[PDB]
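What follows is run_36.txt (compact mmCIF, C-alpha atoms and all ligand atoms).
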```
# COMPACT_ATOMS: atom_id res chain seq x y z
CA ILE A 235 232.36 140.86 147.64
CA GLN A 236 233.52 144.49 147.92
CA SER A 237 234.72 143.75 151.48
CA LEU A 238 237.35 141.27 150.22
CA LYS A 239 238.94 143.81 147.86
CA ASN A 240 238.83 146.38 150.69
CA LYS A 241 240.51 143.97 153.14
CA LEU A 242 243.16 143.11 150.53
CA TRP A 243 243.73 146.83 149.84
CA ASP A 244 244.41 148.03 153.40
CA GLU A 245 246.15 144.83 154.52
CA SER A 246 248.71 144.08 151.76
CA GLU A 247 252.39 144.89 152.37
CA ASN A 248 253.37 145.62 148.76
CA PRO A 249 255.48 148.84 148.82
CA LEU A 250 253.41 150.38 145.99
CA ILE A 251 249.97 150.30 147.66
CA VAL A 252 251.54 150.95 151.07
CA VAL A 253 252.66 154.18 149.36
CA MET A 254 249.26 154.56 147.63
CA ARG A 255 247.45 154.49 150.99
CA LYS A 256 249.40 157.47 152.39
CA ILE A 257 248.82 159.69 149.33
CA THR A 258 245.04 159.23 149.22
CA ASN A 259 243.88 158.29 152.75
CA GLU A 269 243.49 163.23 136.70
CA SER A 270 247.05 162.18 135.76
CA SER A 271 246.61 164.59 132.83
CA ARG A 272 247.73 167.83 134.53
CA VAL A 273 250.75 166.10 136.12
CA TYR A 274 252.85 165.48 132.97
CA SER A 275 252.33 169.02 131.66
CA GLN A 276 253.47 170.48 135.01
CA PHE A 277 257.17 169.53 134.76
CA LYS A 278 257.61 171.34 131.42
CA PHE A 284 261.68 166.37 129.88
CA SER A 285 259.70 163.25 128.93
CA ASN A 286 258.27 160.25 130.81
CA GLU A 287 260.07 157.70 128.62
CA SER A 288 263.29 159.75 128.47
CA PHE A 289 263.50 160.04 132.26
CA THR A 290 262.36 156.46 132.93
CA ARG A 291 265.71 155.13 131.66
CA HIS A 292 267.43 158.07 133.38
CA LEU A 293 265.98 156.83 136.69
CA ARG A 294 267.18 153.30 135.89
CA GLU A 295 270.55 154.58 134.63
CA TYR A 296 271.65 156.78 137.54
CA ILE A 297 269.06 157.83 140.17
CA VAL A 298 267.69 154.45 141.35
CA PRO A 299 271.03 152.53 141.57
CA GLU A 300 272.71 155.55 143.22
CA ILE A 301 269.97 155.76 145.88
CA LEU A 302 269.68 152.00 146.47
CA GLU A 303 273.38 151.23 147.08
CA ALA A 304 273.39 154.29 149.36
CA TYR A 305 270.31 152.96 151.19
CA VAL A 306 271.93 149.52 151.62
CA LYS A 307 275.50 150.38 152.72
CA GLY A 308 274.19 152.87 155.32
CA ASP A 309 275.39 155.98 153.48
CA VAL A 310 273.76 159.02 155.08
CA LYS A 311 275.53 161.98 153.40
CA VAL A 312 274.16 161.11 149.94
CA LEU A 313 270.66 160.08 151.11
CA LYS A 314 270.28 163.32 153.09
CA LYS A 315 270.32 165.08 149.70
CA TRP A 316 267.72 162.94 147.90
CA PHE A 317 265.42 162.19 150.87
CA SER A 318 262.95 164.82 152.11
CA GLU A 319 262.71 166.01 155.74
CA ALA A 320 260.35 163.26 156.97
CA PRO A 321 261.49 160.10 155.09
CA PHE A 322 265.15 160.79 155.96
CA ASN A 323 264.15 161.19 159.61
CA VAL A 324 262.47 157.76 159.58
CA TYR A 325 265.66 156.41 157.96
CA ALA A 326 268.00 158.03 160.51
CA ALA A 327 265.76 156.65 163.26
CA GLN A 328 266.29 153.17 161.82
CA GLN A 329 270.03 153.79 162.16
CA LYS A 330 269.85 154.40 165.92
CA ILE A 331 269.19 150.70 166.58
CA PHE A 332 272.32 149.73 164.57
CA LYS A 333 274.37 152.33 166.45
CA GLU A 334 272.92 150.99 169.72
CA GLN A 335 273.71 147.37 168.86
CA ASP A 336 277.22 148.60 167.90
CA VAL A 337 277.03 147.05 164.43
CA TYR A 338 277.46 148.42 160.90
CA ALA A 339 275.74 147.82 157.56
CA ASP A 340 277.74 145.63 155.20
CA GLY A 341 275.32 144.75 152.39
CA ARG A 342 275.30 145.43 148.63
CA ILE A 343 272.89 145.38 145.66
CA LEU A 344 273.41 142.71 142.98
CA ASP A 345 270.74 143.40 140.31
CA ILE A 346 268.02 146.05 139.86
CA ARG A 347 265.27 144.95 137.45
CA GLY A 348 261.82 146.53 137.27
CA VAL A 349 262.31 150.29 137.21
CA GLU A 350 259.27 152.11 135.82
CA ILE A 351 256.85 154.93 136.63
CA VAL A 352 253.47 153.57 137.76
CA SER A 353 251.39 156.45 139.14
CA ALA A 354 251.21 160.25 138.81
CA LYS A 355 249.08 162.19 141.30
CA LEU A 356 248.91 165.43 143.32
CA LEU A 357 248.03 165.47 147.04
CA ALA A 358 246.12 167.30 149.81
CA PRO A 359 248.72 169.65 151.38
CA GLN A 360 248.64 172.39 148.71
CA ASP A 361 248.98 170.70 145.29
CA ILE A 362 252.48 169.21 144.95
CA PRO A 363 252.88 167.11 141.76
CA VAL A 364 254.26 163.61 142.41
CA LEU A 365 255.79 160.67 140.52
CA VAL A 366 255.57 157.14 141.94
CA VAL A 367 258.51 154.89 141.03
CA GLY A 368 258.47 151.13 141.68
CA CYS A 369 261.29 148.60 141.23
CA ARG A 370 262.52 145.14 142.22
CA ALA A 371 266.07 144.63 143.48
CA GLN A 372 268.38 141.70 144.26
CA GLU A 373 270.67 142.02 147.29
CA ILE A 374 272.21 140.51 150.44
CA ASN A 375 271.62 142.10 153.85
CA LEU A 376 274.23 141.51 156.56
CA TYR A 377 275.72 143.47 159.46
CA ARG A 378 279.21 143.30 160.96
CA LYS A 379 280.35 144.12 164.52
CA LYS A 380 281.86 147.63 164.57
CA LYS A 381 285.28 146.49 165.87
CA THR A 382 285.72 142.73 165.33
CA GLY A 383 284.32 142.87 161.77
CA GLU A 384 282.39 139.67 162.48
CA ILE A 385 278.89 139.03 161.11
CA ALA A 386 276.26 140.00 163.70
CA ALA A 387 273.19 139.22 161.57
CA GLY A 388 272.47 138.38 157.92
CA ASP A 389 273.73 135.88 155.35
CA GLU A 390 275.63 136.16 152.05
CA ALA A 391 274.57 132.64 151.00
CA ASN A 392 270.99 133.89 151.25
CA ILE A 393 270.00 136.16 148.33
CA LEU A 394 267.19 138.62 149.13
CA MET A 395 264.49 139.84 146.73
CA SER A 396 263.50 143.36 147.74
CA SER A 397 260.72 145.66 146.51
CA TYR A 398 260.73 149.48 146.37
CA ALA A 399 258.31 152.42 146.02
CA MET A 400 259.63 155.99 145.70
CA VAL A 401 257.54 159.17 145.72
CA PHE A 402 259.33 161.73 143.53
CA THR A 403 259.15 165.53 143.31
CA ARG A 404 260.93 168.31 141.39
CA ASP A 405 262.63 171.65 142.08
CA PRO A 406 261.05 174.62 140.25
CA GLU A 415 270.78 167.20 142.59
CA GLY A 416 267.70 166.99 140.35
CA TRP A 417 264.84 165.51 142.39
CA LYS A 418 263.63 164.89 145.96
CA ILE A 419 262.16 161.76 147.60
CA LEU A 420 258.84 162.60 149.26
CA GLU A 421 258.24 159.08 150.60
CA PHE A 422 260.30 155.88 150.45
CA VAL A 423 259.72 152.22 151.42
CA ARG A 424 261.72 148.99 151.21
CA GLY A 425 259.60 145.84 151.09
CA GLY A 426 259.72 142.25 149.86
CA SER A 427 259.04 141.17 146.30
CA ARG A 428 257.10 137.92 145.75
CA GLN A 429 259.29 137.36 142.67
CA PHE A 430 261.98 134.71 143.15
CA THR A 431 264.33 136.67 140.86
CA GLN B 236 237.42 153.19 142.45
CA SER B 237 240.29 152.44 140.02
CA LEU B 238 243.07 151.64 142.49
CA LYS B 239 241.19 149.08 144.64
CA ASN B 240 239.96 146.95 141.71
CA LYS B 241 243.31 147.07 139.89
CA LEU B 242 245.15 145.49 142.84
CA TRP B 243 242.52 142.75 143.22
CA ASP B 244 242.91 142.10 139.48
CA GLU B 245 246.72 142.17 139.23
CA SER B 246 247.89 140.67 142.56
CA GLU B 247 249.98 137.48 142.50
CA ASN B 248 249.32 136.71 146.18
CA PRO B 249 248.37 133.00 146.07
CA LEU B 250 245.50 133.60 148.51
CA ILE B 251 243.61 136.21 146.45
CA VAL B 252 244.59 134.46 143.20
CA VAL B 253 242.64 131.38 144.36
CA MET B 254 239.91 133.74 145.63
CA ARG B 255 239.68 135.53 142.27
CA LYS B 256 238.44 132.36 140.53
CA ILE B 257 236.07 131.36 143.36
CA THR B 258 234.19 134.67 143.01
CA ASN B 259 232.72 133.55 139.66
CA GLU B 269 228.34 133.01 154.51
CA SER B 270 230.64 130.58 156.33
CA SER B 271 228.13 129.09 158.82
CA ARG B 272 226.52 126.93 156.11
CA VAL B 273 229.91 125.48 155.09
CA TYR B 274 231.21 124.50 158.55
CA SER B 275 228.31 122.56 160.12
CA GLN B 276 228.06 120.60 156.85
CA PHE B 277 231.24 118.58 157.51
CA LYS B 278 229.86 117.03 160.73
CA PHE B 284 234.53 117.88 163.09
CA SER B 285 235.31 121.48 164.08
CA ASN B 286 237.25 124.52 162.75
CA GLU B 287 240.19 124.74 165.19
CA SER B 288 240.69 120.95 165.18
CA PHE B 289 241.18 121.11 161.41
CA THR B 290 243.57 124.10 161.52
CA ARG B 291 245.92 122.24 163.90
CA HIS B 292 245.47 119.00 161.92
CA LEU B 293 246.67 120.88 158.83
CA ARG B 294 249.89 122.16 160.45
CA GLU B 295 250.64 118.68 161.84
CA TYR B 296 249.39 116.22 159.19
CA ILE B 297 248.06 117.42 155.80
CA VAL B 298 250.23 120.48 154.97
CA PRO B 299 253.54 118.77 155.93
CA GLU B 300 252.44 115.62 154.07
CA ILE B 301 251.34 117.44 150.89
CA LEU B 302 254.27 119.90 150.68
CA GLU B 303 256.72 117.05 151.39
CA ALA B 304 255.59 115.38 148.16
CA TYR B 305 255.34 118.62 146.16
CA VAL B 306 259.03 119.58 146.34
CA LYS B 307 260.25 115.96 145.99
CA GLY B 308 257.90 115.40 143.02
CA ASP B 309 256.29 112.38 144.63
CA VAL B 310 253.18 111.92 142.46
CA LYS B 311 251.83 108.73 144.22
CA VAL B 312 250.88 111.05 147.09
CA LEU B 313 249.58 114.03 145.09
CA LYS B 314 247.36 111.67 143.05
CA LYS B 315 245.43 110.94 146.26
CA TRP B 316 244.93 114.55 147.38
CA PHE B 317 244.81 116.45 144.06
CA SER B 318 241.71 116.11 141.87
CA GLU B 319 241.81 115.87 138.04
CA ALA B 320 242.13 119.61 137.18
CA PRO B 321 245.01 120.74 139.47
CA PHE B 322 246.82 117.40 139.01
CA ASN B 323 246.69 118.09 135.26
CA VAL B 324 248.42 121.39 136.03
CA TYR B 325 251.01 119.58 138.19
CA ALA B 326 251.69 116.59 135.89
CA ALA B 327 252.26 118.92 132.92
CA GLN B 328 254.84 120.94 134.89
CA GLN B 329 256.59 117.72 135.94
CA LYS B 330 256.80 116.40 132.35
CA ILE B 331 259.15 119.24 131.40
CA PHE B 332 261.56 118.20 134.16
CA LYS B 333 261.78 114.74 132.54
CA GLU B 334 262.17 116.33 129.09
CA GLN B 335 265.37 117.81 130.55
CA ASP B 336 266.43 114.60 132.37
CA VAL B 337 266.04 116.53 135.62
CA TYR B 338 264.31 115.45 138.86
CA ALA B 339 262.90 117.46 141.77
CA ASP B 340 265.19 117.20 144.81
CA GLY B 341 263.62 120.01 146.84
CA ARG B 342 263.33 120.23 150.63
CA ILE B 343 260.89 122.09 152.88
CA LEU B 344 262.72 123.13 156.05
CA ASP B 345 260.16 125.16 158.00
CA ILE B 346 256.36 125.43 157.92
CA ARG B 347 254.82 128.29 159.90
CA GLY B 348 251.82 130.11 158.38
CA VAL B 349 248.91 127.63 158.51
CA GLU B 350 245.31 128.88 158.69
CA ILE B 351 241.90 128.53 157.06
CA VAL B 352 241.27 132.11 155.90
CA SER B 353 237.85 131.60 154.26
CA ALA B 354 234.89 129.25 153.77
CA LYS B 355 232.73 129.59 150.64
CA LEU B 356 230.09 127.85 148.51
CA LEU B 357 231.04 128.00 144.81
CA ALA B 358 228.64 129.39 142.18
CA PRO B 359 228.34 126.38 139.79
CA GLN B 360 227.06 124.00 142.49
CA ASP B 361 226.71 123.82 146.29
CA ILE B 362 230.12 122.47 147.34
CA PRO B 363 231.60 123.26 150.79
CA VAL B 364 235.04 124.84 150.33
CA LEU B 365 237.78 125.89 152.77
CA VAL B 366 240.66 128.17 151.74
CA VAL B 367 243.97 127.55 153.54
CA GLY B 368 246.70 130.21 153.65
CA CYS B 369 250.32 129.13 153.99
CA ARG B 370 253.95 130.33 154.09
CA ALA B 371 257.08 128.13 154.12
CA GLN B 372 260.89 128.08 154.20
CA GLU B 373 262.33 125.74 151.54
CA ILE B 374 265.24 125.12 149.16
CA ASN B 375 264.58 124.39 145.48
CA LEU B 376 267.03 121.96 143.83
CA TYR B 377 267.18 119.81 140.68
CA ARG B 378 269.52 116.95 139.70
CA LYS B 379 270.34 115.03 136.49
CA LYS B 380 269.42 111.36 135.88
CA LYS B 381 272.85 109.66 135.95
CA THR B 382 275.00 110.96 138.84
CA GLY B 383 272.27 113.21 140.29
CA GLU B 384 274.24 116.38 140.99
CA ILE B 385 272.95 119.85 139.94
CA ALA B 386 270.93 121.49 137.22
CA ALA B 387 268.86 124.17 138.97
CA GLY B 388 268.70 126.21 142.20
CA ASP B 389 271.12 126.73 145.08
CA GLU B 390 271.59 124.33 147.99
CA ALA B 391 272.39 127.16 150.43
CA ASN B 392 269.67 129.65 149.44
CA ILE B 393 266.53 129.66 151.56
CA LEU B 394 263.39 130.47 149.56
CA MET B 395 260.23 131.80 151.19
CA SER B 396 257.14 130.57 149.36
CA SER B 397 253.45 131.43 149.78
CA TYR B 398 250.97 128.58 149.23
CA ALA B 399 247.18 128.57 148.82
CA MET B 400 244.71 125.69 148.53
CA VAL B 401 240.97 124.98 148.38
CA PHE B 402 239.56 122.07 150.43
CA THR B 403 236.47 119.81 150.30
CA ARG B 404 235.56 116.17 151.05
CA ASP B 405 233.81 113.07 149.67
CA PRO B 406 231.98 111.10 152.43
CA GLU B 415 242.76 110.56 153.24
CA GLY B 416 239.29 112.15 153.47
CA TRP B 417 239.69 115.50 151.73
CA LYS B 418 240.44 116.61 148.15
CA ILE B 419 242.06 119.64 146.50
CA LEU B 420 240.22 121.33 143.63
CA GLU B 421 242.47 124.38 143.26
CA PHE B 422 246.12 124.89 144.19
CA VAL B 423 248.59 127.73 143.57
CA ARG B 424 252.08 128.34 145.01
CA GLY B 425 255.12 130.61 145.30
CA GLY B 426 255.69 134.24 146.23
CA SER B 427 256.17 135.31 149.84
CA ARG B 428 256.99 138.93 150.66
CA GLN B 429 258.69 137.69 153.83
CA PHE B 430 262.49 137.35 153.81
CA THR B 431 262.35 134.66 156.51
CL CL C 1 256.70 141.80 143.19
CL CL C 2 249.56 141.49 147.51
```

Any chance you could put this one into structure tokens?
Ligand SMILES: [Cl-]
Ligand SMILES: [Cl-]
Amino acid sequence: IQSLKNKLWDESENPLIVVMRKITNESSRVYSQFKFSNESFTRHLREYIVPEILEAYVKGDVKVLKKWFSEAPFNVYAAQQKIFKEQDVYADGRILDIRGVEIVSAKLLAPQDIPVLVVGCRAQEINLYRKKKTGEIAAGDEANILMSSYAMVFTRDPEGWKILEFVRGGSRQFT
Amino acid sequence: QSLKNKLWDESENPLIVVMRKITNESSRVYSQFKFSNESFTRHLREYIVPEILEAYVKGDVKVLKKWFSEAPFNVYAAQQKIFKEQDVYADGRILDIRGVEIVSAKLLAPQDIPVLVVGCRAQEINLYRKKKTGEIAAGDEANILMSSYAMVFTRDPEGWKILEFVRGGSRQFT
């Protein structure tokens, strides 16, 4: 049934189609726009950009993410920080391994015609928070290893790129 | 268009994986077991699911021989053989069992069999030990894994059987 695919589409919490919903709700003119090569900048994402953004996103680093993140996604990140400020607790987490770092989609959207690159990856990390003064764990485990999933909407300037939309999720992969 | 079919084709969500093979009305399936829907859903979370998953992680085959039919037990026995080929045994433990619900009821295409699809999520630790001095081979004792289960039910007049079974892969961290 077509209804089952439709239900699965707008009900799944995989970062990639979460992102895909808010771009839509062909790829030929996208790759010619930037000129650089897809394959040459795929490993350049995996080399520097992705690890540098992830460890920043995990530790709670705002000054670096303010650069990469656009006006709206950074706002929704800073708003997530309020609660941690309110609970008087700080982010103490790190990223162990980042495997799965490739460019899936390439599309342009409704407001004007901004070209966009969609980057998906899986990461391995622990997520814990310590009390601002006692340095004691408030929430989160080290013993527990977390398998996260990511979807980044990239754009270019006509340091380097900008994140148009970002989402942390959970990978079904055990490693 | 492209994007909606591609997901349905390439998703490893146990639920739609099971549902992808089936697709090759509910009211005709339910009143055929007479029994009721909600009395089965609570009987799953309190008898069947705990009883079947208990055996799955521990490897207990004398239980899964009763519930599993020939095709998915073939899939399970073959997986288990490789554990033995490594002198390893399944010392797993399911800690929590939360997500328990019959998501769909369908009649298969080959013949008119009444089928009920049960969606599931569970907290568990995966661990393996050697034969002599059963200690460690695989997994971590203090690492909680979230697993997504899916299963297809029917009965032959401890009552039910399982024709299809797939496991593993929750997006939930807890
Ligand atoms: Cl995944
Ligand atoms: Cl999914």

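With all atoms listed in the file as the basis for measurement, B:428 is the residue among B:428, B:256, B:378, B:418 that approaches ligand CL 1 (chain C) most closely.
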
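In terms of minimum interatomic distance to ligand CL 1 (chain C), B:429 ranks closest within B:429, B:374, B:352, B:273, counting all atoms listed in the file.
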
Between chain B and ligand CL 1 (chain C), at 9 Å or less, what are the per-residue closest atom pairs and their distances in Å? Count only C-alpha atoms and all ligand atoms, order by chain and rising residue number, and return it as CSV.
```
residue,atom,partner,partner_atom,distance
B:246,CA,C:CL1,CL,8.9
B:247,CA,C:CL1,CL,8.0
B:426,CA,C:CL1,CL,8.2
B:428,CA,C:CL1,CL,8.0
```

* Taking only C-alpha atoms into account, report as a ChimeraX atom specification which residues of chain A lie within 8 Å of chain B. => /A:235,239-240,242-243,247-248,391-395,425-430

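Note that the spacing between CA of residue 343 in chain B and CA of residue 299 in chain B amounts to 8.6 Å.
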
* Structure fact -> note - CA of residue 293 in chain A and CA of residue 367 in chain A are separated by 8.9 Å

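Proximity of A:303, A:415, A:295, A:245 to ligand CL 2 (chain C), computed with only C-alpha atoms and all ligand atoms, is greatest for A:245.
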
* **Shortest interatomic distance to residue 353 in chain B - which of B:419, B:399, B:301, B:326, counting only C-alpha atoms** => B:399

* Structure fact -> Atom pair CA of residue 277 in chain A + CA of residue 252 in chain A, distance 25.4 Å

* Pick from B:357, B:369, B:423, B:339 nearest to residue 306 in chain B, counting all atoms listed in the file -> B:339

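Using all atoms listed in the file for every distance, the candidate list A:386, A:397, A:372, A:326 yields A:397 as the residue closest to ligand CL 2 (chain C).
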
* Point (242.4, 124.3, 162.4), cut-off 12 Å, counting all atoms listed in the file, residues as a ChimeraX atom specification -> /B:274,284-298,348-353,365-368

* Would you list the contacts of residue 344 in chain A as an MDAnalysis selection string, taking every protein, DNA or RNA residue within 8 Å and counting only C-alpha atoms, but skipping same-chain residues closer than 3 positions in sequence? => chainID A and resid 371:374

Using the atoms already present, construct N, CA, C and O atoms for range 270-291 of chain A and hand them back as an mmCIF file, in the coordinates of the input.
```
data_model
loop_
_atom_site.group_PDB
_atom_site.id
_atom_site.type_symbol
_atom_site.label_atom_id
_atom_site.label_comp_id
_atom_site.auth_asym_id
_atom_site.auth_seq_id
_atom_site.Cartn_x
_atom_site.Cartn_y
_atom_site.Cartn_z
ATOM 1 N N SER A 270 245.601 162.255 135.981
ATOM 2 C CA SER A 270 247.050 162.180 135.760
ATOM 3 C C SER A 270 247.452 163.111 134.609
ATOM 4 O O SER A 270 248.636 163.234 134.281
ATOM 5 N N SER A 271 246.450 163.770 134.027
ATOM 6 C CA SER A 271 246.610 164.590 132.830
ATOM 7 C C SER A 271 247.365 165.900 133.069
ATOM 8 O O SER A 271 248.151 166.325 132.220
ATOM 9 N N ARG A 272 247.121 166.533 134.215
ATOM 10 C CA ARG A 272 247.730 167.830 134.530
ATOM 11 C C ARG A 272 249.115 167.664 135.174
ATOM 12 O O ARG A 272 249.834 168.645 135.386
ATOM 13 N N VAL A 273 249.481 166.417 135.468
ATOM 14 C CA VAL A 273 250.750 166.100 136.120
ATOM 15 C C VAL A 273 251.926 166.187 135.137
ATOM 16 O O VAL A 273 252.943 166.815 135.437
ATOM 17 N N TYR A 274 251.774 165.565 133.968
ATOM 18 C CA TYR A 274 252.850 165.480 132.970
ATOM 19 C C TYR A 274 253.149 166.804 132.268
ATOM 20 O O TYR A 274 254.250 167.001 131.751
ATOM 21 N N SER A 275 252.167 167.699 132.250
ATOM 22 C CA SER A 275 252.330 169.020 131.660
ATOM 23 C C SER A 275 252.975 170.001 132.644
ATOM 24 O O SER A 275 253.501 171.042 132.243
ATOM 25 N N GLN A 276 252.935 169.648 133.928
ATOM 26 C CA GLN A 276 253.470 170.480 135.010
ATOM 27 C C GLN A 276 254.989 170.644 134.955
ATOM 28 O O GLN A 276 255.502 171.756 135.121
ATOM 29 N N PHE A 277 255.699 169.543 134.715
ATOM 30 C CA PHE A 277 257.170 169.530 134.760
ATOM 31 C C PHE A 277 257.828 170.358 133.654
ATOM 32 O O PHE A 277 258.926 170.887 133.847
ATOM 33 N N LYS A 278 257.163 170.462 132.505
ATOM 34 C CA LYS A 278 257.610 171.340 131.420
ATOM 35 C C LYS A 278 256.587 172.437 131.147
ATOM 36 O O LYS A 278 256.056 173.054 132.072
ATOM 37 N N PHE A 284 262.094 167.483 129.026
ATOM 38 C CA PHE A 284 261.680 166.370 129.880
ATOM 39 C C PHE A 284 260.597 165.525 129.208
ATOM 40 O O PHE A 284 259.710 166.049 128.528
ATOM 41 N N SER A 285 260.694 164.211 129.407
ATOM 42 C CA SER A 285 259.700 163.250 128.930
ATOM 43 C C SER A 285 259.649 162.039 129.857
ATOM 44 O O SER A 285 260.669 161.655 130.434
ATOM 45 N N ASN A 286 258.462 161.445 129.990
ATOM 46 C CA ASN A 286 258.270 160.250 130.810
ATOM 47 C C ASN A 286 259.238 159.137 130.428
ATOM 48 O O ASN A 286 259.979 158.636 131.275
ATOM 49 N N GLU A 287 259.229 158.774 129.146
ATOM 50 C CA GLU A 287 260.070 157.700 128.620
ATOM 51 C C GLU A 287 261.558 158.033 128.690
ATOM 52 O O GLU A 287 262.375 157.153 128.952
ATOM 53 N N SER A 288 261.898 159.302 128.467
ATOM 54 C CA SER A 288 263.290 159.750 128.470
ATOM 55 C C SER A 288 263.895 159.769 129.873
ATOM 56 O O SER A 288 265.106 159.599 130.035
ATOM 57 N N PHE A 289 263.048 159.977 130.878
ATOM 58 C CA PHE A 289 263.500 160.040 132.260
ATOM 59 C C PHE A 289 263.238 158.741 133.029
ATOM 60 O O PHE A 289 263.653 158.596 134.185
ATOM 61 N N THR A 290 262.555 157.798 132.378
ATOM 62 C CA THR A 290 262.360 156.460 132.930
ATOM 63 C C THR A 290 263.692 155.702 132.914
ATOM 64 O O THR A 290 264.081 155.098 133.919
ATOM 65 N N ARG A 291 264.390 155.751 131.778
ATOM 66 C CA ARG A 291 265.710 155.130 131.660
ATOM 67 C C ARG A 291 266.791 155.924 132.393
ATOM 68 O O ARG A 291 267.831 155.375 132.743
#
```
